[PDB]
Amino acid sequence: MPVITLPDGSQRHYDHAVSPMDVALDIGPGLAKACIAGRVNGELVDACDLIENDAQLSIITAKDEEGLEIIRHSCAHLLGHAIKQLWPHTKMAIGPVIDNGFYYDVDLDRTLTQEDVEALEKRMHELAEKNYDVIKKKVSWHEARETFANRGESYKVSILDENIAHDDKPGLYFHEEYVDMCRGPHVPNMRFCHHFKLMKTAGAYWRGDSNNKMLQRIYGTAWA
């Protein structure tokens, strides 16, 4: 029975757990449509995350700096979704947000040509324009590892084996048949990710160690 207080001081009493999206829809259709994520007691959370206890809630939209960062991060997931369709054997490493954009380091046997990059961007636009929902599932360290092992995603498994505590609960984000892992938040639907472009590619050693494989870094930019 969390008591939710909004920035304006208005309060809402609930006798069941509610998500930022649930509260946004209670306020109005416009706010629900604009909702990308929420901030609960100072912490950024996905719009679908349940609030069980009393809390201060704010709704994050594309007009917020946090909203732009989330859109950029979700565009990295979109790149993965598309590249796994074009070259299924590709292995995804790390895809973070950077100042004015994002990048994703990938392991695939073909050295990407400019035509390949253009094909990748084209597929990304096609997929994003389907306006599919991003489905989030909070899971155990072990379920996350099984999920990526079953996909042959060795770098994701390595991140779990060496960089994530066994008691941590990773967030899995499903984009149709594609799945990625992140602390998030991520957009609730890809309709928020139509404005982006791929830029250049570069090379980067996995974990910055020259004893490891040289990956391909694909750079992109995205905006509201």
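Residue numbers run from 1 along the displayed sequence.
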Quiz prompt | Higher-scoring stretch by recorded Cα B factor average, 60 to 68 or 169 to 177 | solution = 60 to 68
Exercise. Select between 100 to 108 and 77 to 85 the stretch whose C-alpha atoms have the higher average B-factor in the entry.
Key: 100 to 108
Exercise. Tell me which of 198, 164, 190, 157 tops the list for C-alpha B factor in the record.
Key: 164
Practice problem: Check where residue 91 lands among this chain's C-alpha B-factors and tell me if it's the lowest, middle or highest third. | Solution: lowest
Practice problem: Grab the CA temperature factor for residue 137 from the record and place it in the lowest, middle or highest third of its chain. | Solution: middle
Quiz item: In terms of the CA temperature factor given in the entry, to which third of its chain does residue 214 belong: lowest, middle or highest?
Solution: highest
Practice problem: Grab the CA temperature factor for residue 186 from the record and place it in the lowest, middle or highest third of its chain. | Solution: lowest
Practice problem: Would you mind ranking residue 25 by its C-alpha B-factor against the rest of the chain and naming the third, lowest, middle or highest? | Solution: middle
